[PDB]
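Trainee: One structure coming up, written as structure tokens, with questions to follow.
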Amino acid sequence: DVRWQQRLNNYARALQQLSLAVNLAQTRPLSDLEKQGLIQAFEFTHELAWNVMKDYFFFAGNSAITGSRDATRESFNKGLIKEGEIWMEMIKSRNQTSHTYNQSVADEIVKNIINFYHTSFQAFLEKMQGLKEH
Amino acid sequence: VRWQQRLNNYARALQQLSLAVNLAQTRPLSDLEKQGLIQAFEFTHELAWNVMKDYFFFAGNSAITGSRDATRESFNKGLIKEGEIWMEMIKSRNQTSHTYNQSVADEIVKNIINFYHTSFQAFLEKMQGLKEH
Ligand SMILES: [Mg+2]
């Protein structure tokens, strides 16, 4: 039923595609359309991240988690993530998705993806990969 | 509460989607650009069905809550004619979390280019005619 290590496998696959786009941005500016794609990749990577969180705490007997905010708070309190505000900012970015046809909105989410979220995603991957081995 | 204002933003969003759909006619899209085409479809469809919901609110219909509700009412009243296509857009929306699978991304992209963009343009013209009354 609930299998947090399988969810982690898909999270890694999604993050690898986000990493491709984040690396591309270091070689040249992204077009407006590529920025929309970077946002889409952030969205499917973040969605998997907090569902890994939810799945992991279900094993611990926690059935009270229902969304990304609940999952992010429990992860911070249990030490799975260190940058609590950044992970909460990700949720704000998710809630701005419908408005990214405004370049100011798209550009803000892209700057956060490149300068903060990707690093946090990689740290969470490494954290959970260690816990799986245990 | 203002369906004509919602329609202004819908047109702005559709203009951005149109740019990507025309780009796809000049060359293949990269994997990343495909993701960006899907994101543009998402913000265009979200505005579309909220225009529907706003419009029917003026008629006294406060029962509409989501995109399926809005889409059915729009088909019932003639605002849209391709009912099955507009419902397929909702299935595409619900696949958004899985577009890191190239098969999923490619399927949504093909639907956007071959069907959804045409339907979006028709709905724009339909509502633009209703704004003039
Ligand atoms: Mg999206």
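Within each chain, counting starts at residue 1; across the structure tokens, chains are named A, B, ... in the order shown, with ligands numbered 1 upward in that order.
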For range 11-17 of chain A, list every protein, DNA or RNA residue within 10 Å, evaluated using only C-alpha atoms, and leave out those in the same chain fewer than 5 positions away; present the list as a PyMOL selection string.
Mentor: (chain A and resi 5-6+22+38+41-52+118+121-122+125-126+129) or (chain B and resi 31-32+97-101)
Trainee: Take the selection from the previous step and output its residues with N, CA, C and O atoms, as a tab-separated table (two decimals), in the first residue's frame.
Mentor:
```
chain	number	residue	atom	x	y	z
A	5	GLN	N	9.76	4.30	0.03
A	5	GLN	CA	10.99	4.13	-0.75
A	5	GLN	C	10.71	4.09	-2.25
A	5	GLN	O	11.52	4.57	-3.05
A	6	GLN	N	9.54	3.57	-2.65
A	6	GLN	CA	9.16	3.64	-4.06
A	6	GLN	C	8.88	5.07	-4.48
A	6	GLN	O	9.25	5.50	-5.58
A	22	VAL	N	18.10	23.23	-14.46
A	22	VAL	CA	18.83	24.15	-13.60
A	22	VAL	C	20.25	24.31	-14.10
A	22	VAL	O	20.77	25.42	-14.17
A	38	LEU	N	10.65	25.12	-16.42
A	38	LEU	CA	11.38	24.98	-15.17
A	38	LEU	C	10.41	25.01	-14.00
A	38	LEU	O	10.57	24.27	-13.03
A	41	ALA	N	8.63	21.64	-13.85
A	41	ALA	CA	9.51	20.63	-13.25
A	41	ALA	C	9.65	20.81	-11.75
A	41	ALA	O	9.78	19.82	-11.00
A	42	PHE	N	9.71	22.05	-11.28
A	42	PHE	CA	9.65	22.32	-9.84
A	42	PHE	C	8.36	21.77	-9.26
A	42	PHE	O	8.36	21.16	-8.18
A	43	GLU	N	7.24	21.95	-9.98
A	43	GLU	CA	5.96	21.48	-9.45
A	43	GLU	C	5.90	19.97	-9.32
A	43	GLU	O	5.41	19.44	-8.31
A	44	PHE	N	6.41	19.23	-10.29
A	44	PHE	CA	6.28	17.78	-10.15
A	44	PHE	C	7.34	17.23	-9.18
A	44	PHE	O	7.11	16.18	-8.57
A	45	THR	N	8.44	17.97	-8.99
A	45	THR	CA	9.47	17.56	-8.03
A	45	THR	C	9.03	17.82	-6.61
A	45	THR	O	9.22	16.95	-5.75
A	46	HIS	N	8.44	18.98	-6.36
A	46	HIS	CA	7.95	19.32	-5.03
A	46	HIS	C	6.80	18.41	-4.61
A	46	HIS	O	6.74	17.96	-3.47
A	47	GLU	N	5.86	18.16	-5.53
A	47	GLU	CA	4.75	17.26	-5.26
A	47	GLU	C	5.26	15.90	-4.79
A	47	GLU	O	4.77	15.35	-3.80
A	48	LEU	N	6.27	15.36	-5.46
A	48	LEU	CA	6.80	14.09	-4.99
A	48	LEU	C	7.50	14.23	-3.64
A	48	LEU	O	7.38	13.34	-2.78
A	49	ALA	N	8.24	15.32	-3.42
A	49	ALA	CA	8.96	15.50	-2.16
A	49	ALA	C	8.02	15.42	-0.97
A	49	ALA	O	8.26	14.65	-0.04
A	50	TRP	N	6.96	16.21	-0.94
A	50	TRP	CA	6.13	16.18	0.26
A	50	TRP	C	5.29	14.90	0.38
A	50	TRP	O	4.95	14.48	1.50
A	51	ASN	N	5.02	14.21	-0.73
A	51	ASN	CA	4.39	12.90	-0.61
A	51	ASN	C	5.35	11.84	-0.09
A	51	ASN	O	4.90	10.92	0.58
A	52	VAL	N	6.65	11.95	-0.37
A	52	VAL	CA	7.63	11.11	0.31
A	52	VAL	C	7.56	11.36	1.80
A	52	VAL	O	7.61	10.42	2.60
A	118	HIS	N	16.41	24.06	-5.59
A	118	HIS	CA	17.15	22.92	-6.10
A	118	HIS	C	18.10	22.38	-5.05
A	118	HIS	O	18.15	21.17	-4.82
A	121	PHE	N	16.07	20.50	-2.50
A	121	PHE	CA	15.66	19.21	-3.03
A	121	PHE	C	16.78	18.19	-2.95
A	121	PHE	O	16.55	17.04	-2.55
A	122	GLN	N	18.00	18.58	-3.33
A	122	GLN	CA	19.13	17.66	-3.29
A	122	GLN	C	19.45	17.22	-1.87
A	122	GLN	O	19.75	16.05	-1.62
A	125	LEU	N	16.85	14.64	-0.85
A	125	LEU	CA	17.15	13.35	-1.47
A	125	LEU	C	18.23	12.61	-0.69
A	125	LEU	O	18.07	11.42	-0.38
A	126	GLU	N	19.34	13.29	-0.39
A	126	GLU	CA	20.44	12.65	0.33
A	126	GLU	C	20.02	12.21	1.72
A	126	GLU	O	20.40	11.13	2.18
A	129	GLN	N	17.74	9.10	1.26
A	129	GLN	CA	18.51	7.96	0.77
A	129	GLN	C	19.29	7.32	1.91
A	129	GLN	O	19.42	6.09	1.96
B	31	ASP	N	12.53	18.88	-24.48
B	31	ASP	CA	11.81	18.33	-23.35
B	31	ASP	C	11.41	19.45	-22.40
B	31	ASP	O	10.29	19.47	-21.87
B	32	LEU	N	12.29	20.40	-22.19
B	32	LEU	CA	11.94	21.47	-21.25
B	32	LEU	C	10.83	22.37	-21.80
B	32	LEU	O	9.94	22.84	-21.07
B	97	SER	N	1.18	16.00	-12.36
B	97	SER	CA	2.24	15.56	-11.45
B	97	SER	C	3.12	14.49	-12.09
B	97	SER	O	4.23	14.24	-11.58
B	98	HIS	N	2.69	13.90	-13.20
B	98	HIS	CA	3.40	12.77	-13.79
B	98	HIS	C	4.14	13.09	-15.09
B	98	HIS	O	4.66	12.16	-15.74
B	99	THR	N	4.26	14.37	-15.45
B	99	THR	CA	4.85	14.74	-16.72
B	99	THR	C	6.37	14.59	-16.76
B	99	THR	O	6.95	14.84	-17.81
B	100	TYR	N	7.03	14.14	-15.69
B	100	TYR	CA	8.43	13.74	-15.78
B	100	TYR	C	8.57	12.41	-16.52
B	100	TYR	O	9.69	12.03	-16.87
B	101	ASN	N	7.47	11.71	-16.75
B	101	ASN	CA	7.46	10.58	-17.66
B	101	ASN	C	7.24	11.15	-19.05
B	101	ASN	O	6.21	11.80	-19.29
```
Trainee: Can you tell me, as a PyMOL selection string, what residues are no more than 12 Å from residue 65 in chain B when counting only C-alpha atoms, ignoring any on the same chain fewer than 3 positions away?
Mentor: chain B and resi 49-50+52-54+56-57+61-62+68-73
Trainee: Which is closer to chain B than all the others in A:113, A:81, A:39, A:25, using only C-alpha atoms?
Mentor: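 Using only C-alpha atoms, chain B sits closest to A:39.
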Trainee: Here is a test: counting only C-alpha atoms, which residue of B:3, B:55, B:10, B:123 is nearest to residue 101 in chain A?
Mentor: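 Among B:3, B:55, B:10, B:123, it is B:10 that comes nearest to residue 101 in chain A.
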Trainee: Compute the chain B side of the contact with chain A at 8 Å, counting only C-alpha atoms, and hand it back as a list in words.
Mentor: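 Therefore, the residues near the partner are residues 12, 13, 16, 20, 32, 33, 34, 35, 36, 37, 38, 39, 40, 42, 43, 46, 96, 97, 98, 99 and 100 of chain B.
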Trainee: Which residues are near residue 91 in chain A? Cut-off 12 Å, only C-alpha atoms, ignore same chain within fewer than 3 positions. Put them as a VMD selection string.
Mentor: chain A and resid 42 to 43 46 to 47 49 to 50 67 to 73 84 to 88 94 to 97 109 112 117
Trainee: Just checking: using only C-alpha atoms, which residue out of B:122, B:1, B:104, B:127 ends up closest to residue 60 in chain B?
Mentor: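 Using only C-alpha atoms, residue 60 in chain B sits closest to B:1.
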Trainee: With only C-alpha atoms and all ligand atoms as the basis for distance, which of B:133, B:117, B:77, B:45 is at the shortest distance from ligand 1?
Mentor: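 So, comparing all the options, the nearest one is B:45.
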Trainee: Rank B:82, B:93, B:2, B:19 by their smallest atom-to-atom distance to ligand 1, using only C-alpha atoms and all ligand atoms, and report the top residue only.
Mentor: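 Counting only C-alpha atoms and all ligand atoms, the residue closest to ligand 1 is B:93.
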Trainee: Point out the residue among B:21, B:125, B:106, B:94 with the least atom-to-atom distance to ligand 1, counting only C-alpha atoms and all ligand atoms.
Mentor: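 That would be B:94, the residue with the smallest distance to ligand 1.
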Trainee: So how many Å separate CA of residue 19 in chain A and CA of residue 119 in chain A, to one decimal?
Mentor: 9.9 Å
Trainee: Find the distance between CA of residue 7 in chain B and CA of residue 130 in chain B and write it in Å to one decimal.
Mentor: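 That distance, rounded to one decimal, is 11.0 Å.
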Trainee: Could you pull out the residues in range 48-131 of chain B that DSSP calls helix (DSSP H, G or I) from the backbone, as number ranges by chain?
Mentor: B: 48-58, 67-77, 83-94, 96-98, 102-131
Trainee: Can you tell me how far CA of residue 108 in chain B sits from CA of residue 17 in chain B, in Å to one decimal?
Mentor: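 Here the two named atoms are 13.7 Å from each other.
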